[PDB]
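To start, the structure itself, in structure tokens.
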Amino acid sequence: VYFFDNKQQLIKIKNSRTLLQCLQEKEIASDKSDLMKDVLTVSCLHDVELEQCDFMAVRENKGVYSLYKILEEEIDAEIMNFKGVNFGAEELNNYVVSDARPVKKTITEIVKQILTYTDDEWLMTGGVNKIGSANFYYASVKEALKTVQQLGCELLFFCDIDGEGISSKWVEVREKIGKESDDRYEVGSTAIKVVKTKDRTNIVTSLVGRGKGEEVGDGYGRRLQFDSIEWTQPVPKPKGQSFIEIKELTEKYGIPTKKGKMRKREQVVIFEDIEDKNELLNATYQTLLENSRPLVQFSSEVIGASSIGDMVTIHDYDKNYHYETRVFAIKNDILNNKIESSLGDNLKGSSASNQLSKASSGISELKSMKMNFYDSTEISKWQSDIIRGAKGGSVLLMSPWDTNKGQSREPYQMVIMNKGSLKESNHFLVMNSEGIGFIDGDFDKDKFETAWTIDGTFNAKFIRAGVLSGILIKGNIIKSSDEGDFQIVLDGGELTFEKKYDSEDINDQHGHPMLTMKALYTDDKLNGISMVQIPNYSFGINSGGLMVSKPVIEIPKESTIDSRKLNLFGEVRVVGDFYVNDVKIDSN
Amino acid sequence: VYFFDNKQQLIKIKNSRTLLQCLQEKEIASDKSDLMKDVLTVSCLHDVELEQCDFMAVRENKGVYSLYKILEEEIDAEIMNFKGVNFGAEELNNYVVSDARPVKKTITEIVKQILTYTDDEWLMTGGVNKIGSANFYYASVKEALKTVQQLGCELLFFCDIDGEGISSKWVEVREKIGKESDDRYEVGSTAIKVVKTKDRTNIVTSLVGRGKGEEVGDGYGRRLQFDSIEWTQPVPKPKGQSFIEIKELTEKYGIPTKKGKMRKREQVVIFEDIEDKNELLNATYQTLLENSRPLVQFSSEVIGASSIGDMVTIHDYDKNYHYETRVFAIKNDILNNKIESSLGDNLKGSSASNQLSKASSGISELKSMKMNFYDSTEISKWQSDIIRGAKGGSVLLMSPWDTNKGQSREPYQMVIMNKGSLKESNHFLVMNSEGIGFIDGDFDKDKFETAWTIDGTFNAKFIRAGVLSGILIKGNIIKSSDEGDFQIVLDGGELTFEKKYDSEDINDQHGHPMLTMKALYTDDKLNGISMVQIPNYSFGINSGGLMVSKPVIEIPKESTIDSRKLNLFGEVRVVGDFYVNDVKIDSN
Amino acid sequence: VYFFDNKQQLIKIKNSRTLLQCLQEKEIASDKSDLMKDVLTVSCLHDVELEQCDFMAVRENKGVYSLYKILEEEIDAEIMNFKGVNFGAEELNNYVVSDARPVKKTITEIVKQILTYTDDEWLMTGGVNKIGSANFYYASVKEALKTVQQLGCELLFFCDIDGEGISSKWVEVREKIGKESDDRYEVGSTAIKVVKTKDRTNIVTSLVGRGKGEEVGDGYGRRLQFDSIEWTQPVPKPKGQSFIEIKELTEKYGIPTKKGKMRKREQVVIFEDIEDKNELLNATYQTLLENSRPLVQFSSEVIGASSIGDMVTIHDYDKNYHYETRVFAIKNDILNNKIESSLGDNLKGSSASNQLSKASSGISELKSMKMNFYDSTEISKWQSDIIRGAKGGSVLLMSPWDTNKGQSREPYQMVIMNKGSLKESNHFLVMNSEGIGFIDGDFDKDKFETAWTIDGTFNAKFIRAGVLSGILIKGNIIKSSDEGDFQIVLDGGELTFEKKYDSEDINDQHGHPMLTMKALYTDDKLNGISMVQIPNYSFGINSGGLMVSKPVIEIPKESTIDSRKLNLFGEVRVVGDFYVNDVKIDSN
């Protein structure tokens, strides 16, 4: 046993004539999410230059050495104990993966990508050709390797150690650990104390698959199922069924009935992250196939030496059974030449210590995979903001939070924009606490205009296209315009021909009258209708054409009540009474 | 001990002269959610034809047999070992219950309903008259029976076994297991080694109840309490208080004070699914009543034989105590005539193995009853959709998700319908990225018109009912119409009478002039008001009635500036000077 | 040993010549969230009057006594056993804190405030000057003290016990338990069996801190980090880095590389309730300083007597080491004068029982601090109601739930109010399933108007301010009014002067005609423009001023087709040929 100091430099060599204990253990875990266990324990007499050492290594052959790092020492009386684990499981826990996210790549490329964060110290050897994906964010490298291991790969670690330090390190990726060995164990000559165990707790013949939810929120707990999938060639499955059954397994492990017939065994299997149907069926089929036969375990003391993970054959001639199994646990005592092994399926996972470890890991996982009050509030806020329109399209309910991040989220106005989003649109229709208004080019709030007011006072200037029909007009003042200074007015049941004037008041629209057709309250009754004239103005009933207009009656500018100067022009044929002197007399 | 093969056919009988161990254990669990434990263990010498057996049974009396299913087997030193459990706890785990949901029914009917999923194999015997409800979805029958058992029933299982297989199976429902036996145990003659234990850990005299939330979201953690419920006859409880206290229990187990008085003990009890007040009070009262006395347990070796669940009486004359207890655990050894029993309240739930089992079950329950990111997102989406209007009432915000299910959830228009929902309404008011518009009968076809445009151009054709008053009209063109071809036009500050015409342009409304009362720019000043005429048209100031109007002045069709033929008609009284051959005249 | 009854009255004294066992244990837990352990165990021969006692006490010196409360009692064979804990840890579990919520106060004031719920039985002694805050709701006092202890204080409990009961109780608050003692332990003379353990499992040199989320909802898992904080004087930390590193620790405990250089060790530390950067950096620095050196533990059997928590010194001359450690566990045996102690850092937390207890506590905490279906639904409802406007501002989508609390949540109308909320505003713009309408002062009523209708029918009476221009008017009836009974009408392609009238129909607006400027269908062609008169009415073309208008032609009330009476007034100047019994005449 060679001991190294903190810089991995050789210090001392301990022989086999001084050590009091030397034990090495290896074990392949039942689950695929755990690494391979490797522990060494050595204890010798107390020394003063062995309390600074941090590494210890043993010998496999002339070219391969295994390195163990001390985790704990215990001086008792004068005997120093020690305890070590593999170097890789302790070194690869101090590299941080910021964020890595492959999508549908092979395992070899994923390992290449992960081992980039170790700064070229670690390499990799071997390959697998299965495609998978994962999301690695802030986490250690060992956890990432654990996650990769679940896809069907098994990992090891090695060194190239000399007396002056470590030179090269690499990681081997394989499918199954161990080649096939030419070993032969016989009970009574090579295997000494054989204990055979058989278990039948978990046996199924039919399973019902379930998926990742259908309509969550109703509370009815629906899940995706393979109800309407046809699948014939591997195992005949009908179209109206919802479970996979193997016939012969039912005949061999079924529940007998009254009539001598057999019935199947059905248990429910849940997959939390399956969204398709065919892959759910494949997963359920694999789960059914894995759990169809009882488990067998052999545990014994052996003479011949085998590595971990080989295939060996064990025989027993007195009771006449013959099996082929796979070594999965080895406890090698170097000092006393005693070797203990185990073959077959692993049933060591039901001991108390493993259960304690699994419970602690489960608590630690649940603490990080579930959502507390803050996360629920944040998710609700995000999903409400998505539908309110605060991130996308043309309809939006504004709140001060959308502008300052600091005030309340309470809405005070509703905005309909032109295109896209707030910065991508040019026109706005705003509904706020002042009335339905409009906003110009930019939403820096040029100035808010008003079309409707909340008390209900429409603004008339917004009528700019169309034809008006089918209504009544009353009380209003009408007017027209020309290039000169003449306009027609209808104010208070009056027709006014006057001169133009520009103003901003209802009363000030009226100008200087010249001719006003009207009516007069004639003698306490409204039976007088006539026009009027005004002096210094010309009036007429001019006749002719569009270019020429000659006076039928000419009204002078000086026409007055006193100066009744009733000019007339034009050849007029006057049928009716005529006047020269006194008394009416007829004509032509 | 009789051994059966995989089809429940008798194979071999083993005597008592060749067995090495036979042990049978029974135990009633402390909690009501666990079944009754039944375990048998037997070991004999190795045999070839015993490695295929799957059932082993023992004898109770001449008509009752108990059947055990082998779960494990272990050849160690040609000494085979077997371990078995009850058949019922293993067979009823392979029957899937899908979607069974009773509401407010009796336990007997619930068990009858559950046992219809076993295909007539299992029956039921007995009954309990208590009302309860449960929700069973995809799950096995055993878990359903476990859930039912929590409502105040206790279950057993039985068979009717013969040499050629099982004939009938049934499940018995009871209130308490065991009748009242006539047995008497005396210490020193019938009971050998007696160990008595007394516990005082959980002792209370007052409790404060809490309910299923009040206003969750504030984060203040309010809960429903019985603050304002009066309850007098069982135990006097005032109105202003929020806890139940029994006086004598306080006097007997109260904290002494400085003045020699006693104080109560208060602890908080939480019920997660209580929504009313009186039932919360009843539950708190029952919890208080249950936990008011210290616990006692007896464990001893017994000569006499009793079944499980009976009521036996134990006496001790030297120390002078006499108690009446209930048997709850029996460990019967058939081969050596040794019986071990326990009496009183169960305190076996604090051992390490039970704690490990409870921790595993608790973790597995938490993994299923708490929600991750996906469930929170789905619930938020559902609750946002409810309030957006996408499922119900008359105000709704459209998004592409509501029509095509594949695009984003971002809104782009707001729709107000007529009645009900999208398919139950005929008329629509729509405000989208092109202005306030309207939609006809069917919404599936856009057919979108516009009333307001986002730049603010109202369409005038939408004014169809009302009276218009209190505004000004300027610049606009006015027109009327009749059945014939006459209309009145006010264009450019002139009154124009023409012939009617139909057109679609502002300029084309004007027609063929006949008489245009207008004004003339008379000598660089606007003081000329006059009419005009046009040849080949008739003009007049006709006078008379509504039927008839005769010309005061008749304007001929040929009236012209050149041909000044101004025909006049009617009896006229022309007072004033006149024009006859250069003289002034008078009234004859 | 003195035994008390249920009222804490002395009953019996047991000497040292009758007891069979007496053992006292004390231990300081590794975590700061657990109290100080104190356990006593005594056993003696069975006595009749010792089965009612509930307290047993021992002697420290002539003035200090320790009180223990019996929890379990076990009569076995003829020897009674007992098991007691400290009085305080059992008494202070029966006082209920309703709600206390201090903010940024000192520990002394927090303890003072908490100890007001014991009704002046418990006092306080000592003090610590550090500022902290906590939120206490319904919970017992012991959990509150546990939570306070996490801020850097350590608690003890005491009594003033006499033969007639307890007189005064108090709690001492300290920062560290134990003074500095003048003790000297030498191996081989005063310490007998020394076992030393050194642990190196968790050693780090650099850490990466994380905070309380950044944008939860995207699913990317961002967290607050100290990326852009400069912090130099304690440890030089640059501006572009995301971790804190100590140099010399890396030089002493670093991973050696190929070229002889050393590398750092990084692990991720998560704080779930940190929102600022400088405090996150401080917490990470404190963790790094706490986890930088390996741990050492001494366990031995000593001769001299020391209290719990002192600082002693242990020496060993043969192996030449000298350490200064702190006592943390004492197991004093009173009957046999044997004392067993432990020194240094506590490594007793990895035993099986402690792990079981921690797992149970973790499950119980997770069950209470996570959210199930009901909580998620309630939070989503609250956060949707906040943004819908149902609590605050001036835009609101009202649903029947907002008024009756019992019906569904689907919205049926949208309301825009004036100010604040429903009760603080006067004018409303309501958009519902009937049309865009308005509501007067109070909203509790249903005085709903209708401007728009869903079929697109505007109401013309809502135009009340503005100027109308740029449109066309067609078909509509135009009218005016005056104080008298005259109005100008333009209906059916004609101009009508008539008498004013009031009505509510389109047809009834027309009145009694007087003068109707119109057109006549003159001989199958529309070339006739004419006016008419009506008998018993006066007509004229009056001329003059605004005050005076004299008839150019006077039309009498009796003017008729038969009674042609065309009165003319005013001195005329008439050029033309005239009618003097035929031919043609001259023109003055």
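Ligands are numbered from 1 in the order shown, residues from 1 within each chain, and chains are lettered A, B, ... in the order they appear in the structure tokens.
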Counting only C-alpha atoms, chain B residues within 6 Å of chain A, as JSON, numbers by chain: {"B": [71, 72, 73, 74, 75, 76, 94, 372, 378, 379, 380, 411, 412, 433, 457, 458, 459, 460, 461, 464, 467, 468, 469, 470, 471, 472, 473, 474, 475, 492, 493, 527, 528, 529, 530, 531, 532, 533, 534, 560, 561, 564, 565, 566, 567, 568, 569, 570, 571, 572, 585, 586, 587, 588]}
DSSP strand (DSSP E or B) residues within segment 240-296 of chain B, as a list in words: residues 244, 245, 255, 256, 262, 263, 266, 267, 268, 269, 270, 295 and 296 of chain B
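Picture a line from atom CA of residue 152 of chain C to atom CA of residue 223 of chain C; it runs 27.4 Å.
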Distance in Å - atom CA of residue 41 of chain C versus atom CA of residue 348 of chain B: 21.5 Å
Residues of segment 390-508 of chain C in alpha helix (DSSP H), written as a ChimeraX atom specification: /C:401-404
Only C-alpha atoms, please: the residues just picked out, written as an mmCIF file, in the first residue's frame.
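Saved as out-v1.cif:
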```cif
data_model
loop_
_atom_site.group_PDB
_atom_site.id
_atom_site.type_symbol
_atom_site.label_atom_id
_atom_site.label_comp_id
_atom_site.auth_asym_id
_atom_site.auth_seq_id
_atom_site.Cartn_x
_atom_site.Cartn_y
_atom_site.Cartn_z
ATOM 1 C CA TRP C 401 -70.173 37.065 -9.092
ATOM 2 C CA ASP C 402 -69.351 40.724 -8.392
ATOM 3 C CA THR C 403 -72.899 41.373 -7.143
ATOM 4 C CA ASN C 404 -74.488 38.105 -5.985
#
```
Spatial neighbours of segment 13-22 of chain A, max dist 6 Å, only C-alpha atoms, sep filter under 3 positions, as a ChimeraX atom specification: /A:1-2,41-44,334-335
Output file for the residues above (N, CA and C atoms, as a PDB file, in the first residue's frame):
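What landed in again_3.pdb:
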```pdb
ATOM      1  N   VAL A   1       0.827  -1.198   0.000  1.00  0.00           N
ATOM      2  CA  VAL A   1       0.000   0.000   0.000  1.00  0.00           C
ATOM      3  C   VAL A   1       0.866   1.255   0.000  1.00  0.00           C
ATOM      4  N   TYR A   2       0.734   2.065  -1.046  1.00  0.00           N
ATOM      5  CA  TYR A   2       1.521   3.279  -1.217  1.00  0.00           C
ATOM      6  C   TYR A   2       0.709   4.494  -0.789  1.00  0.00           C
ATOM      7  N   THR A  41     -10.426  -0.100   2.885  1.00  0.00           N
ATOM      8  CA  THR A  41     -10.241   0.137   4.313  1.00  0.00           C
ATOM      9  C   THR A  41      -8.966  -0.552   4.766  1.00  0.00           C
ATOM     10  N   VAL A  42      -8.038   0.211   5.336  1.00  0.00           N
ATOM     11  CA  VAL A  42      -6.768  -0.322   5.814  1.00  0.00           C
ATOM     12  C   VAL A  42      -6.450   0.311   7.160  1.00  0.00           C
ATOM     13  N   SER A  43      -5.863  -0.473   8.061  1.00  0.00           N
ATOM     14  CA  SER A  43      -5.490   0.018   9.379  1.00  0.00           C
ATOM     15  C   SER A  43      -4.138  -0.549   9.771  1.00  0.00           C
ATOM     16  N   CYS A  44      -3.263   0.306  10.294  1.00  0.00           N
ATOM     17  CA  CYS A  44      -1.924  -0.097  10.693  1.00  0.00           C
ATOM     18  C   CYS A  44      -1.585   0.567  12.019  1.00  0.00           C
ATOM     19  N   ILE A 334      -7.619  -8.838   0.794  1.00  0.00           N
ATOM     20  CA  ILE A 334      -6.290  -9.060   0.236  1.00  0.00           C
ATOM     21  C   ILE A 334      -5.391  -9.782   1.231  1.00  0.00           C
ATOM     22  N   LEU A 335      -5.498  -9.439   2.514  1.00  0.00           N
ATOM     23  CA  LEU A 335      -4.546  -9.950   3.494  1.00  0.00           C
ATOM     24  C   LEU A 335      -4.763 -11.428   3.799  1.00  0.00           C
TER      25      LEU A 335
END
```
